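Using PDB author numbering, the letters of the sequence shown correspond one by one to residues 5 to 132, 134 to 272.
The beta-carbon is built from N, C-alpha and C at its ideal position, and this holds for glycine as well.
A short write-up of the structure that comes next.
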Amino acid sequence: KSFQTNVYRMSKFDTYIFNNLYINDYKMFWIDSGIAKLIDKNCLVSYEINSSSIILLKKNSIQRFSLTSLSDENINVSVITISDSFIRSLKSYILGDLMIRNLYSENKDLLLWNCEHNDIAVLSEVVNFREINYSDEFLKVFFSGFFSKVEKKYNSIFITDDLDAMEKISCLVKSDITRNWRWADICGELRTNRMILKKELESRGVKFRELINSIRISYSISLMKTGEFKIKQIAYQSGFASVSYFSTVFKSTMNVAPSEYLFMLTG
Ligand SMILES: CCCCCC/C=C\CCCCCCCC(=O)O
Ligand SMILES: [Cl-]
Ligand SMILES: [Cl-]
Ligand SMILES: [Cl-]
């Protein structure tokens, strides 16, 4: 209920490429073996990562990056998606750090942490096997402390404040994903003018249509993760005008066809 997990198979020397990928919830991912090369197109940095490198992706960010396998065997990429309800339960564990965190910047959307033995073991277990599950207290302490040391390393906010304008925009769109959203609706619903709100899109490198489409793709991904497989139904449930429009945007965003992503999940 707190963590949704996926393990993707990555073939030798394959490359996954994401363009305008909207991060609907906080995510963490890492490879289980070998080496990979992560290229972050938004900041123009590359990382060689190994099985202890954790990549954290901030909620409401718009990602542009590739991941290239450098191993001659299959690599498994584990992905934890953290529920909003679990994040909210961390509020008391970092509130005391308000003075500390108000000094941090808010720009970085993709963060790396090189793990010690104990930390990668816990994260693997979340994705896996224990007869007695970690307690709620253990998990809240582990993840608040983990995010805290990542934030300190970068002097940067990872867990964004509840009042952020991008969260207001995204939450509104996600409340009625098929609505024929236009900028005026956002300004009207948030009672905030365009001069203020537009920086949320500008700083993320998207125009309005690209933003709405990106949120709709991540909705379709969520539907597929629940076991929906009827491509036409998925396209319409997610607010696309047609299957062809859905497929075109999905291909641009994920660099694979919807049918191929379904196979990565269920095949
Ligand atoms: C077409 C690629 C399929 C997904 C492979 C994911 C591998 C590395 C990136 C992990 C973070 C982005 C995951 C997006 C899909 C998801 O939400 O599970
Ligand atoms: Cl629309
Ligand atoms: Cl009003
Ligand atoms: Cl715009």
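Between residue i and residue j, what straight-line distance do the alpha-carbon atoms span, to the nearest angstrom?
i           : j           : result
residue 47  : residue 122 : 30 Å
residue 224 : residue 79  : 26 Å
residue 133 : residue 54  : Since the model of the chain passes from 132 to 134 in one step, residue 133 is not part of what is shown.
residue 259 : residue 64  : 17 Å
residue 187 : residue 158 : 39 Å
residue 72  : residue 42  : 6 Å
residue 14  : residue 192 : 42 Å
residue 132 : residue 112 : 29 Å
residue 197 : residue 204 : 12 Å
residue 245 : residue 251 : 6 Å
residue 231 : residue 9   : 12 Å
residue 31  : residue 189 : 31 Å
residue 269 : residue 76  : 19 Å
residue 23  : residue 175 : 18 Å
residue 107 : residue 164 : 14 Å
residue 105 : residue 161 : 8 Å
residue 130 : residue 12  : 16 Å
residue 253 : residue 265 : 13 Å
residue 209 : residue 240 : 25 Å
residue 38  : residue 184 : 44 Å
residue 167 : residue 29  : 13 Å
residue 147 : residue 256 : 37 Å
residue 261 : residue 49  : 24 Å
residue 69  : residue 51  : 11 Å
residue 102 : residue 267 : 42 Å
Just reading off the alpha helix (DSSP H) that residue i is part of, what are its end residues?
i           : result
residue 199 : 199-207
residue 211 : It is not in any alpha helix (DSSP H) - residue 211 carries neither H nor E in the DSSP assignment.
residue 177 : 170-180
residue 266 : 263-271
residue 127 : 121-131
residue 258 : 248-259
residue 106 : 102-106
residue 236 : 236-242
Would you mind stating whether residue i and residue j have Cβ atoms separated by less than 8 Å?
i           : j           : result
residue 89  : residue 6   : yes
residue 177 : residue 194 : yes
residue 145 : residue 93  : yes
residue 115 : residue 155 : yes
residue 27  : residue 67  : yes
residue 138 : residue 57  : no
residue 202 : residue 170 : yes
residue 182 : residue 214 : no
residue 228 : residue 247 : no
residue 25  : residue 249 : no
residue 61  : residue 40  : no
Which residue comes first and which comes last in the beta strand (DSSP E) that contains residue i?
i           : result
residue 149 : Careful: residue 149 lies outside any beta strand (DSSP E), inside the alpha helix (DSSP H) at 141-159.
residue 44  : 40-44
residue 184 : Element bounds for residue 184: n/a, residue is neither H nor E.
residue 24  : 19-26
residue 12  : 7-14
residue 33  : 31-35
residue 118 : 114-118
Under 7 Å from any heavy atom of ligand 5, does the C-beta of residue i make it?
i           : result
residue 212 : Absent from the structure shown: ligand 5. Ligands present: ligand 1, ligand 2, ligand 3 and ligand 4.
Does the stretch 15-28 come into contact with the stretch 96-111, if we say contact requires no fewer than three beta-carbon pairs (one atom in each stretch) closer than 8 Å? no
Measuring CB atoms only, is the stretch 234-247 touching the stretch 79-89, in the sense that at least three cross pairs come out at less than 8 Å? no
Output the residue ranges of the beta strand (DSSP E) runs that lie fully inside the stretch 52-100 and measure 3 residues or longer, sorted by chain position. Considered as a whole, the stretch 52-100 harbours 57-61, 66-73 and 79-86 as its complete beta strand (DSSP E) runs of no fewer than 3 residues, in chain order.
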